[PDB]
Amino acid sequence: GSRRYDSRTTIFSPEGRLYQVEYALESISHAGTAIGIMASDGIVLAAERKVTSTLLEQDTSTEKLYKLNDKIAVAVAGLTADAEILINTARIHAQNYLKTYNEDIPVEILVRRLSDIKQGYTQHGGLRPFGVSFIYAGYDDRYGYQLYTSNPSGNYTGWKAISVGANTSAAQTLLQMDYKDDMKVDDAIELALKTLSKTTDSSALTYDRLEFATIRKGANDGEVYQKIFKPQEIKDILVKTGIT
Amino acid sequence: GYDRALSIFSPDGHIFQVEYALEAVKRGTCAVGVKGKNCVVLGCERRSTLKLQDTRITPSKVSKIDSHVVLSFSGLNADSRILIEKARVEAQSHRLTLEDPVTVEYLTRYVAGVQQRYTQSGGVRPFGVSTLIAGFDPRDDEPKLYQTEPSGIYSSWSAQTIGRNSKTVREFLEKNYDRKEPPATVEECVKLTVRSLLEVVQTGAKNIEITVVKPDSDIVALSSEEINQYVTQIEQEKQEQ
Amino acid sequence: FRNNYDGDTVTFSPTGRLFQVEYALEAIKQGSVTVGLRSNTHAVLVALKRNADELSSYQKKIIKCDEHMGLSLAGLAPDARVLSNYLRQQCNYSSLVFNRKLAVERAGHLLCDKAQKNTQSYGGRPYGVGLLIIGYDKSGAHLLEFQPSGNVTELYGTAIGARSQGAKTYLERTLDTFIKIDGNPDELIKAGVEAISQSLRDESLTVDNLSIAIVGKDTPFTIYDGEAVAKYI
Amino acid sequence: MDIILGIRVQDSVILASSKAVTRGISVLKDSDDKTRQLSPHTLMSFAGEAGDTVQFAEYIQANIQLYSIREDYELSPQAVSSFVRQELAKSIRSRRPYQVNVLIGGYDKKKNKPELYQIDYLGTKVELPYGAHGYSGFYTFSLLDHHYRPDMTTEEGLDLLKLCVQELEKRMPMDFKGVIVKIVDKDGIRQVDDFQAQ
Amino acid sequence: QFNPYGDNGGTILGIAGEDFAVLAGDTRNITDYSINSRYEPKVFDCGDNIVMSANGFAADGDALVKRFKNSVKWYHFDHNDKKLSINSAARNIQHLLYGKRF
Amino acid sequence: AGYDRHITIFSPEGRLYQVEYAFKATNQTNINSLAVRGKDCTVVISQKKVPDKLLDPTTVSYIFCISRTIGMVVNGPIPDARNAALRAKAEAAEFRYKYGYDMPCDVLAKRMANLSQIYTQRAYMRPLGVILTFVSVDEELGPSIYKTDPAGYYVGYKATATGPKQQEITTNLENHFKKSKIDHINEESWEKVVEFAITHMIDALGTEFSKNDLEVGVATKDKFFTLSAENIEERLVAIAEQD
Amino acid sequence: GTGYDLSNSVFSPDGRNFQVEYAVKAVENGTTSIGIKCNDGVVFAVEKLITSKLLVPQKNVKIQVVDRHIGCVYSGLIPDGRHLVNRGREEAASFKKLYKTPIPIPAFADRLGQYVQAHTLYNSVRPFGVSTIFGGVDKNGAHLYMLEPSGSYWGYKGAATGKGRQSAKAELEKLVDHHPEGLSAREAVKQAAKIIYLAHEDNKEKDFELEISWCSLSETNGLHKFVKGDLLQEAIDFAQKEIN
Amino acid sequence: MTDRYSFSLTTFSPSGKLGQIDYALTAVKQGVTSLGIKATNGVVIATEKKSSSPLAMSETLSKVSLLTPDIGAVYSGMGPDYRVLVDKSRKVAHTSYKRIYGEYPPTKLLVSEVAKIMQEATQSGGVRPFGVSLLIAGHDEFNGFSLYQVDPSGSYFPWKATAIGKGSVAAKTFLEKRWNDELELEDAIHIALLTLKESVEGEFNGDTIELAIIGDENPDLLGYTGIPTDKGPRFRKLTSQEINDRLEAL
Amino acid sequence: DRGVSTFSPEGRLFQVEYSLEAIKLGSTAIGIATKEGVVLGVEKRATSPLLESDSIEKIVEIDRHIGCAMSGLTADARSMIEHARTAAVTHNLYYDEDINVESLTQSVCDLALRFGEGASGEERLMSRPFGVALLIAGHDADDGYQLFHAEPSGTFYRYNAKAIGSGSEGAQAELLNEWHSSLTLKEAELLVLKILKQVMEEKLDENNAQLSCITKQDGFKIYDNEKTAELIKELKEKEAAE
């Protein structure tokens with residue numbers, strides 16, 4: 001019957017590797033680079049828009065930075081379609097936690113759930129895994145600013161600075177070179193743009209090819225603020241940092 | 001819907017998916033457990049393929065199932081989560097129905113079953129995980145240490161290790177652990193564990209975490225220093241010769 | 001060739017054959033010989049029981065399905081248990097609901113249709129056992145031969161299993177004689193033992209090695225083993 | 001019904017619960033503890049239908065404990081109570097609803113403040129200085145409405161209960177066989193073993 | 001409204017001797033003040049030397065005996081025509097009945 | 001890898017071979033058919049070839065009455081043809097029941113086309129090797145011709161042909177229309193439109209027909225019916241007394 | 001490429017379904033069976049090979065009745081044949097239950113056809129390994145039909161399938177020509193027995209047993225019945241005579 | 001029977017590619033050209049009606065479809081796939097939005113819904129991706145006018161102007177030159193007709209071209225009067241006549 | 001690949017056959033029945049000196065009058081034992097009597113063939129056959145002491161003595177000669193202990209081997225090391241005696 005056409009997406013290799021997870025990663029490696037840098041007073045998310053054009057509308061566009069919560073956001077690397085499916089279930093999960101406990105969902109709790117969903121497509125179902133890798137940037141009163149990462153496998157880890165997508169090896173090296181524990185948000189913001197600027201496959205790192213977001217505790221308040229930069233805001237920050 | 005028999009027999013009487021599951025374990029970071037005369041200790045190494053993480057939030061390797069029992073593992077991380085959850089759930093359920101927390105053997109038998117079950121059910125692959133479960137039965141001071149594997153097999157050990165280079169550290173333990181006289185001290189027991197890991201961790205006080213379990217839900221994870229210290233007192237032992 | 005069309009029963013070979021069924025059919029030939037024959041008053045089953053070691057037992061070959069019906073198997077023991085159990089239910093159902101003894105001809109039709117279901121639908125496997133059914137109903141004594149292909153046939157006598165062709169020729173030769181052994185069970189049984197012995201080779205039929213069953217006019221289906229069959233060796 | 005009282009003083013919450021367990025014509029027990037510890041700093045008292053009462057309490061307990069192990073953290077009293085309300089709210093529209101009323105007393109180690117939550121079988125939740133389920137209210141609500149201060153000490157509070165328990169032994173028709181008292185504070189939960197004459 | 005139950009009267013009796021036992025019953029079956037039959041057997045031989053009678057509502061009584069007899073038949077199939085001891089029969093009848101507890 | 005030719009999944013060229021092979025099966029019957037639109041009628045002609053002497057010719061047909069108003073002619077193997085006809089009949093009855101009015105030709109065609117589209121996307125369903133031509137005199141659209149294929153495609157036509165020699169019939173018709181400049185046969189009676197239909201079938205195929213070589217269906221305002229061997233003959237004699 | 005003959009619902013490059021064609025092979029290898037449509041009913045006949053003297057004569061009836069007015073005979077895999085009849089009986093029962101009137105033969109034919117055609121739509125099923133001759137008398141006279149593993153079926157004057165289908169068809173075509181005014185049930189019975197005897201040549205190896213049944217308005221009152229006793233022997237004689 | 005195809009038919013190759021999606025895209029390339037242009041006061045979408053027979057009546061087949069009264073779609077690739085997609089799209093706009101909020105969904109969201117449907121046919125068991133790419137053009141009160149493109153992968157992006165299908169590379173280039181953020185609808189319609197011309201081989205008239213726009217509200221097309229806040233649909237399909245009159249000043 | 005319930009051209013079920021192979025790799029297990037009771041013996045086979053040998057359970061109790069030994073992929077036997085115990089206890093609840101040893105066996109065997117990806121017969125849910133054999137030993141009033149060999153095939157046999165596992169073919173050969181209808185429980189214990197020694201790579205002691213028996217009087221008991229060790233000794237002496 002059907003057995004003949006079954007790819008068997010959930011099996012071990014003789015080495016004990018998960019073919020599809022490996023291949024999914026292989027796919028991610030060709031996606032626009034996304035970087036997450038965590039500072040003492042905030043977190044930074046930066047991503048390079050893959051495929052752009054004169055005609056591509058950018059004010060309306062979003063393909064790498066999605067707001068999950070009021071204190072959580074993710075940077076995407078891979079299949080946007082696949083990412084949205086997961087993103088929406090994540091937004092729902094956060095709201096449920098809120099309804100059940102009357103408290104905003106702790107960042108890691110949201111990340112473990114999403115990672116679990118992925119992990120599933122790895123052990124049963126005969127379906128393909130999601131070709132997506134997320135960089136999570138969020139804040140809660142138990143661990144303050146946190147930066148996480150999850151991929152097709154369903155595994156996640158915490159980071160001070162991390163990149164996903166293309167040229168991660170290069171990007172990782174450069175971050176490992178200039179990241180310092182005592183960094184400040186604006187410091188991180190610059191390190192971020194610089195790294196991309198150095199790994200970019202393009203000629204110049206123009207604003208029309210970037211998406212930017214920061215989670216800073218607006219001092220004049222006492223609460224945390226999520227901000228996804230608009231085309232012009234990215235264009236500005238791009239000049240100041242010295243990339244014009 | 002999907003129910004394809006993924007784990008089946010081959011001519012020589014082998015179940016490759018289960019065996020390949022073990023290969024995933026062999027590739028996992030090392031884990032070890034040694035039981036003293038009044039405590040059990042669990043040690044795990046931390047990979048270094050990438051270093052710039054945030055150890056505060058990155059999930060550690062030794063997990064608490066209940067207040068008197070912990071479980072460590074070697075293999076796929078995503079997989080271990082599903083087992084740890086099921087175990088924690090069963091733990092609370094057992095307390096609720098038997099009005100008594102699980103014995104280490106019971107908890108082990110449970111986890112082992114879940115693993116076995118995933119080796120003869122359609123539509124699923126075995127857990128690329130192998131575990132070490134330890135603690136003290138309710139109102140009992142005799143330390144317990146068990147190990148489970150993808151096949152669903154389990155048994156107790158005086159000391160055991162799983163993961164990469166486990167062959168090595170087992171050797172060290174076989175010619176360094178005397179059942180006749182187990183590490184009578186939490187300190188000397190935690191030392192033997194760090195020693196065994198040093199055979200494979202290749203100097204990494206930041207790549208070695210320890211957890212000491214004592215009778216009556218007394219579970220505590222040591223800090224880099226507490227650990228770093230054992231690393232120190234041990235490296236001298238060598239030089240002094 | 002064949003190798004490309006024998007992976008399941010939902011595939012026809014270029015010549016219209018169903019190999020999975022044929023392979024199943026083979027399991028029977030590899031099984032221990034058993035014979036069946038009937039007069040107008042009785043129906044008899046004789047089977048050669050096979051053992052593993054000499055420290056082992058001799059696997060039973062005859063199963064009772066109701067007071068008026070029973071069978072002997074050749075092939076996969078489990079499948080015979082499954083099928084005979086299904087035949088027990090059908091006999092039982094016929095009694096409970098209609099207060100009627102299930103006709104042997106009907107039992108046969110049921111088995112056929114049950115077997116057929118595992119030869120046209122993906123996932124199922126044919127049954128790997130042959131069955132000889134005897135019974136006494138409202139039209140008298142009967143003997144049926146059931147094959148995993150679903151083909152069920154009514155005969156005067158027959159045999160299935162290894163070296164079975166021996167006995168089958170004997171019966172095909174004795175026909176006119178045994179079919180008239182009415183009102184004399186011990187004679188039909190003897191004719192049955194003489195038939196089965198034509199398929200012997202290794203050894204000769206002993207007491208804990210022979211198995212005989214009989215059903216008839218005023219004879220509820222009963223199995224004989226051990227010393228019970230001594231008087232026929 | 002059973003006596004379920006709760007009063008939140010300065011730095012703690014005190015729960016008093018009748019000890020009698022009566023079935024029809026006979027009092028079967030006089031030492032029943034109508035309480036369950038959900039977490040080290042969260043205690044829940046309950047009253048209601050014969051079976052549902054404990055079944056629900058233990059069910060809630062199991063879940064809160066599971067959350068604790070999984071997160072290696074203790075949910076705030078507010079969060080615990082919100083979980084409990086959701087559970088009862090579901091129950092009210094189920095095939096067979098839990099007929100249970102509860103008081104949740106906990107110490108929020110974060111805000112560093114004691115909290116008292118009243119929740120009925122319908123999923124009605126309210127936070128109060130003091131509360132009660134059943135008839136007890138009809139007597140105590142005005143006693144406390146009278147002699148109650150926000151800054152009272154745990155000692156003053158226990159005296160306020162003594163006042164309430166007395167009125168209840170005076171005017172209530174049934175013999176609830178006294179109460180078992182418990183205090184939840186920054187240091188956890190403890191029982192006032194000496195109230196049968198305090 | 002529909003009443004699934006009826007009463008066919010009848011009376012049964014059982015007495016045990018040292019090496020024997022008896023089960024007796026009248027043979028009258030009724031409905032209200034009318035007689036349905038002056039002879040409708042109510043006590044049955046179920047084999048293995050077991051005699052039984054389920055008195056009361058005939059439809060149910062017959063269903064039970066039928067179900068028990070069938071139980072005996074399978075007891076033989078499953079355990080080589082092994083005799084079903086009376087005590088075992090009793091435990092079996094209990095499960096047949098409690099099975100329809102509601 | 002080489003299974004992108006056994007089930008309805010894409011080939012590297014972005015093609016669906018199983019759908020292409022389905023089209024191939026539609027010619028198995030080696031029968032052609034054409035439909036034309038009258039002033040207020042619709043006619044479908046189809047060849048009929050019953051060479052076996054043991055067959056009851058009356059039970060052989062590729063023309064179906066889906067409803068009082070919808071008629072359907074099929075090009076392809078009879079078993080798939082009947083599977084399709086039955087479904088369409090059910091689809092037509094159900095539609096009337098739910099929406100309270102008779103299902104329109106084009107709508108039924110759309111619904112069937114969609115059904116075909118699914119076999120194109122779902123792996124366990126195979127396409128049907130048939131091309132369906134639906135005709136009627138819609139109460140809103142007038143004479144109508146809608147045809148669907150194993151690809152899930154469909155569209156309306158002024159006239160149309162299907163079968164092994166589809167091309168000959170088509171270009172023949174294309175010509176007649178390039179001439180007339182109108183999108184239909186300007187004829188009041190259906191008998192004359194039937195005659196026109198059969199005439200051009202002969203011209204394009206270069207073959208003469210006897211009453212047993214054709215099958216004819218006619219759709220009028222509130223009724224679709226097929227002709228008898230004699231209804232045909234009479235119509236055939238007519239074309240004869242013109243040549 | 002190739003291998004278009006391993007899965008059932010698969011279309012070969014030239015638009016065929018080999019699995020169905022292979023089914024036909026099982027049919028052609030089966031016993032020969034026929035159907036003759038007389039002028040007020042239908043007659044069914046079939047070849048029963050005597051594989052051995054051990055087969056109780058007359059005791060393994062092949063022809064089957066559906067309802068009370070329909071007859072069915074098939075060549076090929078017998079079990080498949082029974083399976084199809086069981087479906088037919090259900091279908092006939094369902095039809096009568098709702099419309100009251102016993103199922104018209106033309107309606108019954110399509111019921112079987114749709115069902116069989118269904119077994120050529122999925123790879124999870126195997127096509128039927130039988131061709132079936134069936135018919136009966138209804139509100140509009142007699143109807144004879146033959147159904148192929150492809151699900152194809154038509155109305156026939158005479159029909160044959162199996163090992164000797166050619167001899168039979170030859171003989172049947174002859175009859176058709178020598179009886180333009182119809183044939184009687186009584187005559188069809190005789191003729192049938194003969195056609196079976198002749199067609200037995202392509203299998204003259206094993207000895208056979210003839211079986212005939214009929215459904216005639218005047219001879220059986222529209223009901224299906226087996227021809228036995230005197231009328232049967234009489235037909236055997238008429239056949240045994242002309243075979244010499 | 002029973003669909004035993006519960007496993008994915010689209011998987012990752014060792015290179016990280018998802019074949020079926022790639023192939024689907026290929027199918028889109030082979031498709032007839034279609035484009036979209038956003039002006040400051042409207043959007044236009046058009047394609048060529050590649051009648052597959054002179055006997056076929058191209059009007060009975062529309063490639064430009066109204067989804068909601070302010071949103072239209074056009075495609076390139078497999079016509080039948082598109083057709084069922086349009087039905088699902090029209091239904092989802094109701095079941096997943098209008099029935100909840102009593103108002104039609106804004107373009108980005110409806111597009112988001114369609115996109116999801118396509119994403120699923122890329123991972124669900126027993127199916128193949130859709131062999132089409134869509135160009136959705138609509139207008140909503142808080143987002144104004146918009147133009148979107150949805151691929152077989154389920155991915156979508158906003159455009160000022162773009163083209164898909166056969167001559168997309170060429171058409172895209174011709175658009176990058178002529179477009180500016182000051183175009184009025186009529187201008188876009190013109191640019192549209194010019195761009196389409198290059199991609200068209202033979203006949204080029206109001207009968208071989210299909211073009212609709214999202215612009216002002218059409219009270220005249222509402223069907224009823226009496227409800228102030230209901231001013232008419234913004235989606236309008238040009239007529240054969242309207243197209244030719246324009247081709248004259250082309 | 002090929003269905004998990006496909007027949008070979010020889011009329012065998014591939015998965016079942018392969019199943020049998022995995023069992024040949026199992027640790028030895030021997031059962032000997034005498035009119036005084038049945039003895040079950042098994043090779044522990046610790047894969048390391050650190051493995052606490054007594055946490056090796058390859059001889060379990062089904063009921064007080066039924067015990068069993070296993071060989072092959074032992075983890076696969078957990079559910080079999082569960083089923084067996086449940087069946088045993090249940091029969092007692094419904095019939096107020098002990099389950100016949102043979103029936104208990106038949107029950108276990110009925111699970112055997114319950115595998116497949118959709119076999120047309122019921123709802124066989126289990127992706128593969130079991131990879132373990134069992135020696136079920138017990139006693140009942142109907143047929144006294146009995147020993148059964150149950151395999152993943154669904155079939156089972158009754159033996160006077162039977163050895164399964166790595167050294168089976170050889171040990172069975174011995175049993176064929178050693179066994180006689182008058183053996184005593186004592187004799188059977190030494191016999192088992194002896195044959196185990198011959199086939200075991202390891203030097204048979206009271207830590208890598210375990211004994212147990214079933215007697216009408218005391219039911220199923222598992223000999224404790226001290227007891228078995230003395231039987232080991234008692235054997236060395238008798239052997240070294242000639």
# chains A, B, ... in the order shown; residues from 1 in each chain; ligands from 1

call {"tool": "closest_atom_pairs", "arguments": {"of": "chain I", "to": "chain E", "cutoff": "9 Å", "atoms": "only C-alpha atoms", "output": "CSV"}}
result
residue,atom,partner,partner_atom,distance
I:93,CA,E:91,CA,7.8
I:94,CA,E:92,CA,5.6
I:95,CA,E:88,CA,4.6
I:96,CA,E:88,CA,5.4
I:97,CA,E:88,CA,6.8
I:100,CA,E:79,CA,7.8
I:102,CA,E:79,CA,8.6
I:103,CA,E:79,CA,7.1
I:142,CA,E:82,CA,8.6

call {"tool": "residues_around", "arguments": {"residues": "residue F:140", "least_positions_apart": "3", "cutoff": "10 Å", "atoms": "only C-alpha atoms", "output": "PyMOL selection string"}}
result
chain F and resi 104+137+143

call {"tool": "write_last_selection", "arguments": {"atoms": "N, CA, C and O atoms", "output": "short mmCIF file (atom, residue, chain, number, x, y, z; two decimals), in the first residue's frame"}}
result
data_model
loop_
_atom_site.label_atom_id
_atom_site.label_comp_id
_atom_site.auth_asym_id
_atom_site.auth_seq_id
_atom_site.Cartn_x
_atom_site.Cartn_y
_atom_site.Cartn_z
N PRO F 104 -27.38 24.40 -11.57
CA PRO F 104 -26.99 24.83 -12.91
C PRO F 104 -25.86 23.99 -13.50
O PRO F 104 -24.99 23.48 -12.78
N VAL F 137 -29.90 23.73 -20.83
CA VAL F 137 -30.38 25.04 -21.23
C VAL F 137 -30.66 25.70 -19.89
O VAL F 137 -31.80 25.70 -19.40
N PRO F 143 -28.43 27.94 -23.44
CA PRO F 143 -27.72 26.72 -23.83
C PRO F 143 -26.33 26.74 -23.23
O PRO F 143 -25.62 27.74 -23.36
#

call {"tool": "interface_residues", "arguments": {"of": "chain D", "to": "chain B", "cutoff": "12 Å", "atoms": "only C-alpha atoms", "output": "PDB file with N, CA, C and O atoms, in the first residue's frame"}}
result
ATOM      1  N   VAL D  54     -12.126  16.167  49.798  1.00  0.00           N
ATOM      2  CA  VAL D  54     -10.742  15.739  49.786  1.00  0.00           C
ATOM      3  C   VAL D  54     -10.248  15.470  48.370  1.00  0.00           C
ATOM      4  O   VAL D  54      -9.124  15.819  48.017  1.00  0.00           O
ATOM      5  N   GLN D  55     -11.080  14.841  47.555  1.00  0.00           N
ATOM      6  CA  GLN D  55     -10.683  14.542  46.188  1.00  0.00           C
ATOM      7  C   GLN D  55     -10.174  15.797  45.505  1.00  0.00           C
ATOM      8  O   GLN D  55      -9.141  15.781  44.837  1.00  0.00           O
ATOM      9  N   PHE D  56     -10.896  16.894  45.691  1.00  0.00           N
ATOM     10  CA  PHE D  56     -10.513  18.155  45.075  1.00  0.00           C
ATOM     11  C   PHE D  56      -9.250  18.730  45.701  1.00  0.00           C
ATOM     12  O   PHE D  56      -8.349  19.177  44.996  1.00  0.00           O
ATOM     13  N   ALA D  57      -9.185  18.725  47.028  1.00  0.00           N
ATOM     14  CA  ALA D  57      -8.015  19.247  47.721  1.00  0.00           C
ATOM     15  C   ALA D  57      -6.739  18.529  47.265  1.00  0.00           C
ATOM     16  O   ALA D  57      -5.774  19.169  46.833  1.00  0.00           O
ATOM     17  N   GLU D  58      -6.740  17.199  47.353  1.00  0.00           N
ATOM     18  CA  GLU D  58      -5.576  16.415  46.968  1.00  0.00           C
ATOM     19  C   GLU D  58      -5.234  16.618  45.497  1.00  0.00           C
ATOM     20  O   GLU D  58      -4.069  16.614  45.112  1.00  0.00           O
ATOM     21  N   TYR D  59      -6.254  16.804  44.672  1.00  0.00           N
ATOM     22  CA  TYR D  59      -6.026  17.027  43.252  1.00  0.00           C
ATOM     23  C   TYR D  59      -5.257  18.334  43.067  1.00  0.00           C
ATOM     24  O   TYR D  59      -4.272  18.397  42.322  1.00  0.00           O
ATOM     25  N   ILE D  60      -5.718  19.380  43.744  1.00  0.00           N
ATOM     26  CA  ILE D  60      -5.064  20.681  43.658  1.00  0.00           C
ATOM     27  C   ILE D  60      -3.641  20.547  44.186  1.00  0.00           C
ATOM     28  O   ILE D  60      -2.688  21.023  43.561  1.00  0.00           O
ATOM     29  N   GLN D  61      -3.501  19.877  45.325  1.00  0.00           N
ATOM     30  CA  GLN D  61      -2.195  19.677  45.923  1.00  0.00           C
ATOM     31  C   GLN D  61      -1.238  19.066  44.908  1.00  0.00           C
ATOM     32  O   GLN D  61      -0.187  19.636  44.612  1.00  0.00           O
ATOM     33  N   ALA D  62      -1.608  17.909  44.366  1.00  0.00           N
ATOM     34  CA  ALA D  62      -0.773  17.222  43.379  1.00  0.00           C
ATOM     35  C   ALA D  62      -0.284  18.182  42.306  1.00  0.00           C
ATOM     36  O   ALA D  62       0.898  18.233  42.012  1.00  0.00           O
ATOM     37  N   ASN D  63      -1.190  18.958  41.729  1.00  0.00           N
ATOM     38  CA  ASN D  63      -0.787  19.889  40.682  1.00  0.00           C
ATOM     39  C   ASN D  63       0.190  20.970  41.123  1.00  0.00           C
ATOM     40  O   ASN D  63       1.183  21.232  40.428  1.00  0.00           O
ATOM     41  N   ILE D  64      -0.085  21.604  42.259  1.00  0.00           N
ATOM     42  CA  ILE D  64       0.807  22.646  42.744  1.00  0.00           C
ATOM     43  C   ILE D  64       2.191  22.060  43.035  1.00  0.00           C
ATOM     44  O   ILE D  64       3.206  22.694  42.743  1.00  0.00           O
ATOM     45  N   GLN D  65       2.238  20.848  43.587  1.00  0.00           N
ATOM     46  CA  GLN D  65       3.520  20.212  43.871  1.00  0.00           C
ATOM     47  C   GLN D  65       4.268  19.922  42.570  1.00  0.00           C
ATOM     48  O   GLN D  65       5.473  20.146  42.479  1.00  0.00           O
ATOM     49  N   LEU D  66       3.548  19.429  41.564  1.00  0.00           N
ATOM     50  CA  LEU D  66       4.131  19.127  40.260  1.00  0.00           C
ATOM     51  C   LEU D  66       4.709  20.399  39.642  1.00  0.00           C
ATOM     52  O   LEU D  66       5.803  20.380  39.081  1.00  0.00           O
ATOM     53  N   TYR D  67       3.977  21.502  39.736  1.00  0.00           N
ATOM     54  CA  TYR D  67       4.473  22.757  39.190  1.00  0.00           C
ATOM     55  C   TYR D  67       5.766  23.146  39.906  1.00  0.00           C
ATOM     56  O   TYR D  67       6.721  23.621  39.280  1.00  0.00           O
ATOM     57  N   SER D  68       5.789  22.954  41.222  1.00  0.00           N
ATOM     58  CA  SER D  68       6.970  23.280  42.021  1.00  0.00           C
ATOM     59  C   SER D  68       8.209  22.509  41.561  1.00  0.00           C
ATOM     60  O   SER D  68       9.261  23.107  41.324  1.00  0.00           O
ATOM     61  N   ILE D  69       8.086  21.190  41.438  1.00  0.00           N
ATOM     62  CA  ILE D  69       9.197  20.375  40.992  1.00  0.00           C
ATOM     63  C   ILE D  69       9.656  20.791  39.596  1.00  0.00           C
ATOM     64  O   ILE D  69      10.841  21.009  39.373  1.00  0.00           O
ATOM     65  N   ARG D  70       8.718  20.902  38.661  1.00  0.00           N
ATOM     66  CA  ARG D  70       9.052  21.271  37.289  1.00  0.00           C
ATOM     67  C   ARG D  70       9.727  22.626  37.157  1.00  0.00           C
ATOM     68  O   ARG D  70      10.634  22.792  36.355  1.00  0.00           O
ATOM     69  N   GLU D  71       9.279  23.602  37.929  1.00  0.00           N
ATOM     70  CA  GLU D  71       9.863  24.931  37.847  1.00  0.00           C
ATOM     71  C   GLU D  71      10.884  25.250  38.958  1.00  0.00           C
ATOM     72  O   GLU D  71      11.563  26.282  38.916  1.00  0.00           O
ATOM     73  N   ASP D  72      11.003  24.355  39.936  1.00  0.00           N
ATOM     74  CA  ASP D  72      11.907  24.575  41.060  1.00  0.00           C
ATOM     75  C   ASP D  72      11.620  25.989  41.555  1.00  0.00           C
ATOM     76  O   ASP D  72      12.511  26.837  41.628  1.00  0.00           O
TER      77      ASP D  72
END

call {"tool": "residues_around", "arguments": {"residues": "residue F:157", "least_positions_apart": "6", "cutoff": "8 Å", "atoms": "only C-alpha atoms", "output": "list in words"}}
result
residues 144, 145 and 146 of chain F; 55, 56 and 57 of chain H

call {"tool": "interface_residues", "arguments": {"of": "chain I", "to": "chain C", "cutoff": "10 Å", "atoms": "only C-alpha atoms", "output": "MDAnalysis selection string"}}
result
chainID I and resid 1:13 32 106 109:110 112:113 116:121 147:149 153:162 172:173 175:177 179:180

call {"tool": "residues_around", "arguments": {"residues": "residue F:109", "least_positions_apart": "3", "cutoff": "9 Å", "atoms": "only C-alpha atoms", "output": "number ranges by chain"}}
result
F: 88, 104-106, 112-114, 132-134, 146-148, 154-155

call {"tool": "atom_distance", "arguments": {"atom1": "atom CA of residue G:63", "atom2": "atom CA of residue G:241"}}
result
24.8 Å

call {"tool": "closest_atom_pairs", "arguments": {"of": "chain C", "to": "chain E", "cutoff": "9 Å", "atoms": "only C-alpha atoms", "output": "CSV"}}
result
residue,atom,partner,partner_atom,distance
C:64,CA,E:77,CA,7.9
C:65,CA,E:77,CA,8.4
C:92,CA,E:70,CA,8.5
C:96,CA,E:66,CA,8.1

call {"tool": "select_by_dssp", "arguments": {"residues": "stretch 100-207 of chain B", "states": "helix (DSSP H, G or I)", "output": "ChimeraX atom specification"}}
result
/B:104-117,166-174,186-201

call {"tool": "select_by_dssp", "arguments": {"residues": "stretch 81-211 of chain I", "states": "strand (DSSP E)", "output": "number ranges by chain"}}
result
I: 132-140, 144-150, 156-158, 161-164, 209-211
